[PDB]
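Just so we're on the same page: letters track the sequence lines, and every chain starts at 1.
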Amino acid sequence: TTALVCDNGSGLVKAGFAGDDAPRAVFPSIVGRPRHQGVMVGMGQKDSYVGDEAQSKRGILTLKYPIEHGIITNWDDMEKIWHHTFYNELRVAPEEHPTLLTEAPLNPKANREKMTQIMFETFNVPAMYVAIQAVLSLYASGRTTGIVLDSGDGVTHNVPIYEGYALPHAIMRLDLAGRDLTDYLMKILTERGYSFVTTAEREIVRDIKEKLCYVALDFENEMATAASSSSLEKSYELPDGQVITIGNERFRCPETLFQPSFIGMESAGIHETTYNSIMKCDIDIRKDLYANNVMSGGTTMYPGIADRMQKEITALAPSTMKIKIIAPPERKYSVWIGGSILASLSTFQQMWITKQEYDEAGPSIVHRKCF
Amino acid sequence: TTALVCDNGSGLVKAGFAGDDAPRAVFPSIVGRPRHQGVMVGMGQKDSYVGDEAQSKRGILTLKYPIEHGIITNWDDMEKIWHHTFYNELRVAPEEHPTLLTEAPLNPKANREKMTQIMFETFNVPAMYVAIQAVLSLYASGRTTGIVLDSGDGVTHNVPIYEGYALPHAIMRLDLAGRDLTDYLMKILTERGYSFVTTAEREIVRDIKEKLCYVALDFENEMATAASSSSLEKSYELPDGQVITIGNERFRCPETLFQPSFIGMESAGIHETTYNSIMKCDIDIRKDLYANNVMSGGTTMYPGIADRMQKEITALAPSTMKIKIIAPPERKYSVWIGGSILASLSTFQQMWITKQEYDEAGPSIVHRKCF
Amino acid sequence: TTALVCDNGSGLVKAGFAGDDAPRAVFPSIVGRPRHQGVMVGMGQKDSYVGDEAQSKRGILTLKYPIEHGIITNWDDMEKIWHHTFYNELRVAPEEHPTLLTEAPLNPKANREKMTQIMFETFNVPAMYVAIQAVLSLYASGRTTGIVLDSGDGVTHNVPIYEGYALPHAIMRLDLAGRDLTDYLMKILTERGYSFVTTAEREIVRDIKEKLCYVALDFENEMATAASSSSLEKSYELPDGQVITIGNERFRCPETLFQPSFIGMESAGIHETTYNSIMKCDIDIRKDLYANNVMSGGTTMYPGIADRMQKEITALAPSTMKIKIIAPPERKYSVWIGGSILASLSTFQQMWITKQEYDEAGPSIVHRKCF
Amino acid sequence: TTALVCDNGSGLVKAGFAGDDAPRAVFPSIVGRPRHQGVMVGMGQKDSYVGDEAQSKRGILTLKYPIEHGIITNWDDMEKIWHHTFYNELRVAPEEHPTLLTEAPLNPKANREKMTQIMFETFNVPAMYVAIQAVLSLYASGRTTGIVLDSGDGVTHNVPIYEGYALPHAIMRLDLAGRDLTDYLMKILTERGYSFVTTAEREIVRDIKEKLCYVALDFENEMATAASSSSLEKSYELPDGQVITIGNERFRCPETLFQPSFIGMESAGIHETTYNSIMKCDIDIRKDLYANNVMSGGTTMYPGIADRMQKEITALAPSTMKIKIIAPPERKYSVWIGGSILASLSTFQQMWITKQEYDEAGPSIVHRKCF
Amino acid sequence: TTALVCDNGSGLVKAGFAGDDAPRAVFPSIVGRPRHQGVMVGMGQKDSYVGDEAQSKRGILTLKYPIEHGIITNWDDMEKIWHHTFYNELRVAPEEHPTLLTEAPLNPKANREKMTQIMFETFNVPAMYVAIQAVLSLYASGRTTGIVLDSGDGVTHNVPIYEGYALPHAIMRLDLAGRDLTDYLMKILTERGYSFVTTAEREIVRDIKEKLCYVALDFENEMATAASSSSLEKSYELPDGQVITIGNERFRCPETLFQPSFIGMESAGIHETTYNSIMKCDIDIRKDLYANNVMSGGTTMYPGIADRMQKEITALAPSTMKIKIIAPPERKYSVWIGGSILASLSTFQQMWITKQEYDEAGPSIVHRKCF
Ligand SMILES: Nc1ncnc2c1ncn2[C@@H]1O[C@H](COP(=O)(O)OP(=O)(O)O)[C@@H](O)[C@H]1O
Ligand SMILES: Nc1ncnc2c1ncn2[C@@H]1O[C@H](COP(=O)(O)OP(=O)(O)O)[C@@H](O)[C@H]1O
Ligand SMILES: Nc1ncnc2c1ncn2[C@@H]1O[C@H](COP(=O)(O)OP(=O)(O)O)[C@@H](O)[C@H]1O
Ligand SMILES: Nc1ncnc2c1ncn2[C@@H]1O[C@H](COP(=O)(O)OP(=O)(O)O)[C@@H](O)[C@H]1O
Ligand SMILES: Nc1ncnc2c1ncn2[C@@H]1O[C@H](COP(=O)(O)OP(=O)(O)O)[C@@H](O)[C@H]1O
Ligand SMILES: [Mg+2]
Ligand SMILES: [Mg+2]
Ligand SMILES: [Mg+2]
Ligand SMILES: [Mg+2]
Ligand SMILES: [Mg+2]
């Protein structure tokens, strides 16, 4: 049967069938519950909503993400999300289809173990596999050598790979991503008098961020330009028809990727983390890593982020090293695309964790068979 | 057995059987007692009259409303009114029929408790329920989303509802309604020399208000027009054949709904209260609330009130928000119609307060089972 | 035992038994005493005569009415009249029969008190009651709603009643009646040279008034007609065979009912008093009062008085109000007829003032039990 | 020039010059016309009399009040009264003197308009102003906070004022005053056999009321005392030397102020109206209103009325609220005194309606410039 | 010269001279305007009132707070309030005195900019500074380490400070404070039939809240106790002498601080917000933050709030962490006291924004010099 691929990200579920070129089910990994008084009977209204229904009814619901920082924190809501993905979005019987899952590196192993247990015992899949997202992204690029910067929401991580060999000691992880950016934007929007507090307003601010925010090539020059003139100001219409105008916040928001101190984090910026990951690697592969910086994830979709990244890594790296940033279109889905490629490889069909192997070894099997 | 529905309003009793499309008993919630010397014996004249008999004999009686501002203030007369409703108007035995009652929101809970106690112990109904009028009105509209402006006499209230969920913190109540309008009309009619003092004359003035008063689309322009010409003047014939002519009073009377200061109230107008109720609600539902302003009650029957309301809420709300006022015909009875729909719903048959539950918990049960 | 009914009017005693359709004793409430020298002995002639004997012997007697303006002014002669009524006319023992008396409204209460005392202590009746004449007249009409214009001699009064309830504040009394008319006719008859001075001549003039006088529909037109031609002149034969011819005096006499200024009174006419009584009443009952103007008493027996009254009240009342004058035949006796009906009502048998109650409370009891 | 002040009351004209401490012209607002045959020529007798001449000649005249219930009903006689006031009593040329008039609240605006027109076009005054009587009374008290009970004849009204701000929505008016009391006394005097019918006899009864009537502190106890003993009976000598004795009528007459039902009115008593006026006002000012109940007008001059009022308002108001009744001597004239104070204020000289403003705007100007 | 300190809170102005131990001017930051008809001239009454005069005359005024949620929304009324503070309360010339102002964190920067502009251009102060209130409160405690919970009306905020260093990323703000509590109390008081609608009645309800409300140590146990017995019921006397009895409302009102859902807010309670602020901070300082929870503001003055806070934070925090709540007396004024200490520090005299610096850089200077 055709394998399932579910890139169960912190913010969005990307799910589909292996061999397809894009996921057919993309929806927020969010579960919503009503927070207000139900007064009208006979309406068949439910006590829990998931995905696009939660977004549509968000004004009446409290929205909660069961996965935070790439770590599943609410297993009942995660099970509800997976059940939705299988039965309502894909409209498939999971017991027929091998399912390829994925997770960020340096994650708690109990998360992987419980994922395997739920997949095998609740949804009764015949086979399962858990891949590291950056490896799938590198699969999607068609390459075998490169350092992948994957950044969705929740977690940002770098994985250097050379000739198909990963350097796990050089893997670097940063718990700073699109959700932290959304929260920071909510914070700084208070400077202009716009107050966004609720989770639905957090979704509104996320939409604002996606639509209007961009990465400054030179942060101080852009700040001076915004102080000088209104040329950078943009207007956004709220769901109730109220219009807000956003200025330097547009690039101050993503700047926290390069200056995590804006949100009080001591961590080095994304560029310095990439450079340090490269420098932890053997000297001989660094040139090829410099030329194959692969960007992945939704938070790499900010306009100008590739140019800024190239500039900073060029400033860090020795002269005459050829810094190249590969930021292809549709890199939002590169993890899922690589998962589809991998799951459809003939050589991969022996890598699956089978129901038999799980019945023998239990959920510990993932630590043996999965990277 | 078929459930009874009694919309026990401050001015009118609307009563009937669930499943019917209209109440079969509509009469004033008024009790009249003779105020003059009874000289002729053998006439079988009674010491108390209720409803239409009180209206017909009003010239000899003192008329009193047992319910004021949606609050029952005279429980003996209210009991007499309910007894009339059951035995003389509906001609039914209340002990056979579940009775759905209703009341305005933010009412004293002792009123609901005493209502339940009287229903269960005096009329010995098998089951009872107390619904909020605006929810019933929304039921009558066939909708599940909207902000209901209900205005009879005694109380005006707004209840926002989205997807069947009420926002009680956004519920707004205004103790300004048709009875205050009737009193104000009585006051301003003195300007032309017409003196109405007695309760029967208050009923006469109420009839004048119902027949001739209307809402100006632009109050100052209408005032200028009335000063300029007699085109707006209308004549009304009193019961004794005396003819009175009414001019700008026609629209000054209902204008107090939009300018409560005319009667010394500090409250904002009906339109500003609706807008504030909307703005207290979550930003995401405001658009749908703007499009589903449902008008209910007799005091929403003034000609032009819907257009005025749309104009004012459009002036308040952001541009490009689609303000729509749903003022259907027969909105006098929308509360009762919704009560009939609700009482006849299969899913509602478990919501009833049973005589058993009352015998266990006492009159406090309504606070648990009723919204 | 069968109750007695005595309509003790100022001019005529109307007495009989309750349940009968007419009084069997009708005679003038007059006491006559000889004013001339008694020369023949052995004749058994009496020193006092009452009623029809006084009328027959009037030429030798001085005639005095013990009741003036509805007020008993000579209690010894009133006692003689009552004794005559009981023992000689009805030929009954008063101690066996409850006696219903009546009086005009707004009378001195001492008159009622002394009446009660005389009835209980002199004639020793077992029970007694004092009714207001207009209420009895309304009883006789078979109605329960209407404004009664009662006019005998002595007093004219209006009592509005609606649904059995009297409006005492709207009760109006006018001390202008048939005796004032008789005196005015005596005055104006001097214009043609006819001098009537004595009390017996006053009785003659009363007979002239009763037989020949009428109410002009339009007073000025009738005056012009009488000036133009003799068509309106009528002849009357005096007891001594002298013939007198009467012209415009025929309608000038009763015109004083509508123009009391003819006798120097400042009071408004009978029609204006009826209208003012109606207008003092609640607006809601005025229409029914307009349609139920009940005329009662001997001075309402003038030909054309009903048409004149309808014309004037129509001129006063608003157009489209249906003015109706109920002037039934035998309205001379309507007060007595109503008294008979009332006294024979089963529900009235508890209204009697008993000898026991009088022995307890004294003559003050009437103010408590009687309207 | 010195301003004129004319408190044109329903019963009495109080007129004088601003700055004086009392009106120099006090006379009845009454016009008398002869009702009898003028037989003697060469006597120079007039066809119309006004004020004190009408009172002196009242026995020959029909007396009419051109103002009823505070409303001018006969403008020709009102013009005659004003002409008398100006030319014969004050002996002044009105075209030289600004004239401050006053009227009861909630009066027909046409009355004020016609007053202004007559003042400006007939008497050609240079300036005019119409003040509300209770405000002037409060001016006379020297206060700026209080609820004024003004009661002359025709109209009784309450005006609450706090810190110079009136609460017009709490203004209450009652068309029950000294003339209704005089009529009721005329009615009940018939109980003792005293008949007063004519307008001159109405003036006699008014004098009786003023001299002998008083307010019972406890009505039922006084009734029992009057029934028990003659101690409360008083004698009054009529103009013809006839002596009448009055008993409980003395306090039954003014009791109608507290029990309007005695004359068939449905209205609450004077005390309940004052309390309701207070309770219609903002909670924060009620304490100061309770302590500053100002009594004004001739019908507040009954002995004991202040004590009765204090007792009743104390019975109504919460305990520990300090009820105080300010009933100063000469409160008959407090309205005029306040008018004099106001008219002589420097700050008021801009409030006048000038002949120029009237020539521009016409009689409508009063509705703009006058409260 | 001595520096001025003005803690311009949302509800109360606390103003005084630096170096003093308490503010000498404490009055409500409220501006009142008359809403009723001014009828009495010559009284010198003003069109606007501020502070204690507005409170005293509140029954005639409409009261408006120019600052809402710590944000100045009406700059003209705020200017009037500051002018009052300087000239009438402190009776000082502001151009002579450096003025230290303060505001809540995460406020719009335009509010601070306009404050600076008004201070420098309208009141022409020589120097100015804007401090964050919680830092001043920590100054008042004498500490340099701690997490300050400041709650007046309008805004509640937490600021963690360690060794004089603030963690702005851990600063948390909640727009739920005493005014929301007052509104909620007004809402729930309707359950017992007490209706408070007007702004003056809102002030009455605020006084009720301050006097009678308290924080339950265990909310459900207190609810059960209130249901069981009247022991918790308290009586309050309204200004008009009406007495109201309050029961479980006493602790339901402040419970909304711990359960914001009572007013429909999605926010976590005050205790959970404090814990989350601590947990956002570096692990090493959390122990000292746990031991130095400083409570500030008027809404921290509820009896039992400190014990409840300690209980909840102990329930949240790990065992053996020493939770300590520092709720000193006079914490109403701790912000002002700290401002006085800071303004009187020698080292602070270089921190002032001078008129020179403002004339150079304009109102943007505050963003540079002020935290
Ligand atoms: N055009 C855009 N610009 C900036 N950020 C974006 C854009 N589109 C999506 N994002 C961000 O990408 C994140 C989701 O990326 P995704 O790869 O789905 O992460 P995950 O794998 O954790 O679900 C969201 O936090 C969203 O705000
Ligand atoms: N055509 C009309 N125009 C204006 N007002 C009306 C009209 N018909 C009824 N009303 C008013 O509606 C009120 C009664 O409405 P209703 O919904 O019965 O209120 P309740 O539920 O309190 O009885 C009355 O006060 C009446 O004056
Ligand atoms: N046909 C008539 N036309 C005019 N007047 C009449 C007629 N018959 C009787 N009357 C008058 O009616 C009066 C008696 O009416 P009555 O009802 O007996 O009065 P009372 O009740 O006072 O006795 C007399 O004054 C008499 O003149
Ligand atoms: N001593 C008194 N006792 C009772 N009533 C009085 C007394 N003096 C005057 N009145 C009444 O006061 C009324 C006149 O009061 P006034 O203030 O002149 O009224 P207005 O302003 O309408 O003329 C009269 O009706 C009179 O009967
Ligand atoms: N004893 C008390 N109990 C409860 N609340 C109080 C008490 N005293 C004052 N308050 C509340 O504190 C608030 C004012 O506190 P304050 O520190 O002045 O706030 P701000 O700084 O915003 O003016 C008011 O909303 C008031 O209701
Ligand atoms: Mg991702
Ligand atoms: Mg209704
Ligand atoms: Mg008769
Ligand atoms: Mg007066
Ligand atoms: Mg504060």
Let me see the working for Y194(D) and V205(D) under side chain to side chain contact (heavy atoms under 4.5 Å, CB included), right down to the final yes or no.
CA-CA 10 Å; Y194(D) 311 131; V205(D) 173; over 6 Å; no

Is any side-chain heavy atom of [X] less than 4.5 Å from a side-chain heavy atom of [Y]?
X	Y	result
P105(D)	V159(D)	yes
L106(D)	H157(D)	no
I278(C)	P160(C)	no
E360(D)	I365(D)	no
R252(B)	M223(B)	yes
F196(D)	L238(D)	yes
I208(B)	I244(B)	yes
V13(D)	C6(D)	yes

With a 3.5 Å distance limit and no angle check, can you tell me whether [X] reaches the backbone of [Y] through a side-chain donor-acceptor pair?
X	Y	value
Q356(D)	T354(D)	no
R24(D)	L90(D)	no
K14(D)	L12(D)	yes
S296(D)	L149(D)	no
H97(D)	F17(D)	no
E96(D)	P94(D)	no
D240(B)	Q242(B)	yes
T156(C)	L176(C)	yes
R91(D)	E89(D)	yes
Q349(D)	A343(D)	yes

Using a 6.0 Å cut-off, check whether atom [atom1] of [X] has over 12 heavy atoms from anything other than its own residue.
X	atom1	result
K80(D)	NZ	yes
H367(D)	NE2	no
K287(C)	NZ	no
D21(D)	CG	no
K369(D)	NZ	yes

For [X] against [Y], the heavy-atom pair lying closest together:
X	Y	result
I204(B)	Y236(B)	O-OH, 4.3 Å
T299(D)	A177(D)	CG2-C, 4.4 Å
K187(B)	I171(D)	NZ-O, 3.3 Å
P28(D)	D52(D)	CD-OD1, 3.3 Å
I30(D)	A54(D)	CG2-CB, 3.8 Å
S235(B)	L212(B)	O-CD1, 4.4 Å

List the steps, then state whether side chain to side chain contact (heavy atoms under 4.5 Å, CB included) holds for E266(D) with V197(B).
CA-CA 8 Å; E266(D) 190 178 284; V197(B) 173; over 6 Å; no

With respect to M309(C), which candidate in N293(C), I270(C), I323(C) satisfies the side-chain contact (heavy atoms from CB on, under 4.5 Å) definition?
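Exactly one option meets the side-chain contact (heavy atoms from CB on, under 4.5 Å) with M309(C), and it is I270(C).
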
May I ask you to decide whether [X] forms a salt bridge with [Y], counting only side-chain N to carboxylate O separations under 4.0 Å?
X	Y	answer
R368(D)	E357(D)	no
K57(D)	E53(D)	no
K355(D)	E95(D)	no

Distance check, rounded to the nearest 0.5 Å: [X] atom [atom1] versus [Y] atom [atom2]?
X	Y	atom1	atom2	value
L181(D)	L257(D)	CG	CG	4.5 Å
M78(D)	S29(D)	CE	OG	6.5 Å
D7(D)	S340(D)	CG	OG	12.0 Å
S10(D)	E68(D)	OG	CD	7.5 Å
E203(D)	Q55(D)	CD	CD	4.5 Å
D77(D)	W82(D)	CG	CH2	12.0 Å

Out of the candidates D183(D), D207(D), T182(D), only one should pair with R202(D) under the side-chain hydrogen bond (donor to acceptor under 3.5 Å, both in side chains) rule; please name it.
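Checked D183(D), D207(D), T182(D) against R202(D); only one passes side-chain hydrogen bond (donor to acceptor under 3.5 Å, both in side chains): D183(D).
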
Tell me yes or no: between the side chains of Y358(D) and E121(D), is some donor less than 3.5 Å from an acceptor?
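There is such a pair between these side chains.
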
Go through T85(D) and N8(D) one step at a time and tell me if the side chain to side chain contact (heavy atoms under 4.5 Å, CB included) criterion holds.
CA-CA 10 Å; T85(D) 299; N8(D) 189 67; 6.0 Å; no

Measure centre to centre between the rings of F219(C) and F262(C), then say whether the value is under 6.0 Å.
yes

Look at the aromatic rings of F348(D) and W352(D) and report parallel, tilted or perpendicular, splitting at 30° and 60°.
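Rings of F348(D) and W352(D): perpendicular, as their planes differ by over 60°.
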
Measure the acute angle between the ring planes of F123(D) and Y87(D), then classify it against the limits of 30° and 60° as parallel, tilted or perpendicular.
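Rings of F123(D) and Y87(D): tilted, 30 to 60°.
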
Before giving the answer on side chain to side chain contact (heavy atoms under 4.5 Å, CB included), spell out for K311(C) and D218(C) the whole-Å C-alpha distance, their side-chain angles and the decisive distance to 0.1 Å.
CA-CA 10 Å; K311(C) 170 177 169 180; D218(C) 194 308; 3.5 Å; yes

